[PDB]
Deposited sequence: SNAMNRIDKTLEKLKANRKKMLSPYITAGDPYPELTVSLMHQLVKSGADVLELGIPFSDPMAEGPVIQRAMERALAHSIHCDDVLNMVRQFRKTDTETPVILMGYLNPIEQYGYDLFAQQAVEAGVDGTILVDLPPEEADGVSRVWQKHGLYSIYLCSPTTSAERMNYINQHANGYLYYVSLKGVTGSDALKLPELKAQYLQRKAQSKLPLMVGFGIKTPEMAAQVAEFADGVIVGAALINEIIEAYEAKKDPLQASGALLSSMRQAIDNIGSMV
């Protein structure tokens, strides 16, 4: 009874590699491109995919991405269908759905949980679900074997970390909301020492160089918006966003893997 996330994290650990996880919004810039983007990212070195559920509610880059997607009336079922299409040729790469609690609740907690797993979703990141309100979701998610990726920060309380260290599976999403790299490193390592699960840095990764500098000490890096910009700028410039996003992620994949060399 193993989740794709745990299997992937094990192979990474055995290969002495760090996780590289890209985020894109489902349906951005148009629906017919999402699955193609998912494959391209995996091809360019993505270990885990984060797929955003569009919702109107957070940085301006992600906000505009969700607005673009919502113009195509992209909803939960559409996101799940894209995962199914993806799973027709990719059954290995873990897929994480990222989004807000409201669309899932309107869909129905239990109905969404089983549909997500059936579609091939391995876990969720609920950005507006604090641990104090996650009891109900945690129980339903556990029934269908859906992982809950919890967030934590430099200020995450001791009681929260206790709750997180028990109910969280897979990995933790590290956030920290004029921050420089040395200060980040110190704060990250402090939090990592208090976490059972591996701690993935999920902000501020814009370039291959930065990705490599963070991966020096971090368990993994999450690309939060850099790929969104790369895709939409290539699209606006009448260029190919598949090549653009791939080239950016490949550059990060290579920079991360080149750690330890001379």
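Numbered from the first deposited residue, the unresolved ranges run 1-2, 60-62, 183-189, 275.
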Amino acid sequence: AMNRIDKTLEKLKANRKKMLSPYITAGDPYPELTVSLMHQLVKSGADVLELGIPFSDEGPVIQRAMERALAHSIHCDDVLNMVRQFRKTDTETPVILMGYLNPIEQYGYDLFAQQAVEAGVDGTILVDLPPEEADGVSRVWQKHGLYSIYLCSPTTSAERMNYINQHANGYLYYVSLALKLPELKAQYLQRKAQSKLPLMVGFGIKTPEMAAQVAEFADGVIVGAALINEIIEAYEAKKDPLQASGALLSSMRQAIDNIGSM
From here on, numbers count along this sequence of modelled residues.
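Once the C-alpha B-factors are averaged per stretch, 44-52 and 192-200 rank with 192-200 first.
Averaged over their C-alpha atoms, the temperature factors of 250-258 and 21-29 are higher for 250-258. Within the listed group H75, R160, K185, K143, the record reports its top CA B-factor for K143. In the deposited entry, the Cα temperature factor of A215 places it in the middle third of its chain's modelled residues. The PDB entry assigns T93 a C-alpha temperature factor belonging to the middle third of its chain's modelled residues. When the CA B factors of the chain's modelled residues are split into thirds, the value for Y109 lands in the highest one. Compared with the other modelled residues of the chain, the Cα B-factor recorded for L80 ranks in the middle third. The entry lists a Cα temperature factor for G136 that places it in the highest third of the chain's modelled residues.
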